[PDB]
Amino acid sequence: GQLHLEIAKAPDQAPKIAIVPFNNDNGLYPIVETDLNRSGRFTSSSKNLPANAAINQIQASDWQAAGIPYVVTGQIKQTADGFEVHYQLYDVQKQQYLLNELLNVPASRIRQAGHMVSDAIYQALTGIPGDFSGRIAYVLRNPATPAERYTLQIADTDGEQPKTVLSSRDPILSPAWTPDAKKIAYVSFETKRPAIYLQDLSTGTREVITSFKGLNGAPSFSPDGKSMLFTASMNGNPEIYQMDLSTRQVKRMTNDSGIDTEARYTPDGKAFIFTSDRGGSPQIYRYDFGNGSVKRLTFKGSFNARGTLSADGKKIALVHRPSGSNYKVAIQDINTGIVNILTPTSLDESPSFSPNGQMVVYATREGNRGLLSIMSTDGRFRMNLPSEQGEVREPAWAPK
């Protein structure tokens, strides 16, 4: 675990979830209790318990007395492959089970099993798919390690189980997830000329998507899996290009505005958003594939840039700078245009929505540490992913 997990701002008040230590536990329930405490919507505990419950044995009179609305029980039984977990979620007020599930775990796949159990608990309580399962890509930058100055890594949502995709003495920029999260793309300078690579995460193998003199990078993949957007400045100023994956057909679309830009597809495949200085200030515009029109989306402030789309397609995470203060991570509703400032940030860098749209990851700096921060979109939960050394940049939450 290169990125270690911190909770910075717990939700002020949230329902509590009691989790009874599973009999013959494998180390599973502490992971579940930790996930529930980083859900941004609940808190959980397993130590100072007011009662004693188990599988198919719970009495709600004592859990109400302690003001506990939700209780989780479990049973672990070893199998030939690995172990089984039989877990339940009990609603105390309704006096009924919200979950009664068995999950087969194949041997040393314990952290993924706890995230699955926690994902089911979260969905049973909020109706929103949990995001404790899933991966986040990031680039570790350490000039105090010239051999691995840049390292592209993929880790779990808590930073555990990191997987190094590529390390190099040269810049590695802008990791972008393929629609089904089976492949990852990135801009590499391991050879002097920048090149967008496409790396199969199953077999390992990579391939050069494009590579020339004016390539800026910032890749983004079409929801249909057929096209890719990227930034490149053949001469002078960066511009947005769309590639067709089948024939490597490149042809340009929009911005020759004098600032660096990045294009991000809308999840419906109808359009993409991008940053533009064509109005005299960096704003987020929307290019419609249908008629080729460009429309401004952000109107508040003198600086709106580095926008990304929520999977549902109704929210935009962006970098917002009121001319008085510095960079802020902001959320704008697409339907209504209401801009929600989430938090200050130290880096003019793109945020990334979680698949459920309830979380957002971004790169910032606190103290002398370059770290990743995960915040709930409503602004009450902060989660920190600091590095032991160097800085963490350009996160990309894997989609679902």
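Residue numbers here begin at 1 and follow the sequence given.
- Stretch comparison (45-53 versus 363-371) by mean CA B-factor in the PDB entry places 45-53 on top.
- For the pair 335-343 and 55-63, the record assigns the higher mean C-alpha temperature factor to 55-63.
- Which of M253, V294, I154, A113 has the largest Cα B-factor in the deposited entry comes down to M253.
- Set against one another, the Cα B-factors of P219, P179, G159, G324 in the record reach their highest point at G324.
- Among all modelled residues in this chain, the alpha-carbon of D170 has a temperature factor (C-alpha) in the lowest third.
- When all modelled residues of the chain are sorted by CA temperature factor, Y186 is found within the lowest third.
- For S133, the recorded CA temperature factor ranks within the middle third of the chain's modelled residues.
- For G27, the recorded CA B-factor ranks within the middle third of the chain. Only modelled residues enter the ranking.
- Residue-level temperature factors show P395 in the lowest third of its chain, judged at the C-alpha atom.
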